[PDB]
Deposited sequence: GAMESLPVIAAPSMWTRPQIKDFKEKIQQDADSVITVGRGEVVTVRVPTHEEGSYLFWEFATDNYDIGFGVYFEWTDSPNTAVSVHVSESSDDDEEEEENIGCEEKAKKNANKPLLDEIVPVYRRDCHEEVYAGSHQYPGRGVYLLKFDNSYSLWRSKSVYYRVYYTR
């Protein structure tokens, strides 16, 4: 199973991103104290690349990406690491290794006293 390296980057405008994402209730997730939230994104029948964007309001949150092949095989696309996404919008992409499901990991586990608000968005190509 050859697996392409992901791309990751950031872009400066956080305020505009959040204002745009807030327009959809389901695109804003509350990650509780010590909670890990997993957003599952399936590979698309016509699809090659997946895109993700996310931001938090105040505090950093853990972010990583795993791929679930269709007990099951789990590959690490993006290691989970705390991100500055409260300061800037964090984005990234990956080429489809095969048929399966992407797990977007928002990891608050290290946070004892603080919930996090996660604004996020997902695209894909053809």
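- Judged by missing C-alpha atoms, the gaps in the deposited chain sequence fall at residues 1-6, 77-112, listed in sequence order.
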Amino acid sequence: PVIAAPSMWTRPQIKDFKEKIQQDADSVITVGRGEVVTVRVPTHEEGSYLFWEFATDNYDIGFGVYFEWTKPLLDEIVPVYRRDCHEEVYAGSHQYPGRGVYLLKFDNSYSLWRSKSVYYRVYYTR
From here on, numbers count along this sequence of modelled residues.
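If you superpose the two forms and keep the largest set of C-alpha atoms that fall within 1.5 Å, you have the rigid core.
- Superposing the other copies on the rigid core and comparing 39-47 to 85-93, farther C-alpha placement in 8 other deposited structures of this protein marks 39-47.
- Among other deposited entries of this protein with both flanking residues present, at least a third omit coordinates for residue 71.
- In this entry, the higher average B-factor at the C-alpha atoms falls on 43-51, of the pair 94-102 and 43-51.
- When 116-124 is weighed against 1-9, 1-9 comes out higher, by mean CA B-factor as recorded in the entry.
- Going by the entry's values, 74 shows the largest Cα B-factor out of 80, 37, 74, 61.
- In the deposited entry, the Cα temperature factor of residue 85 sits in the top third of values across the chain's modelled residues.
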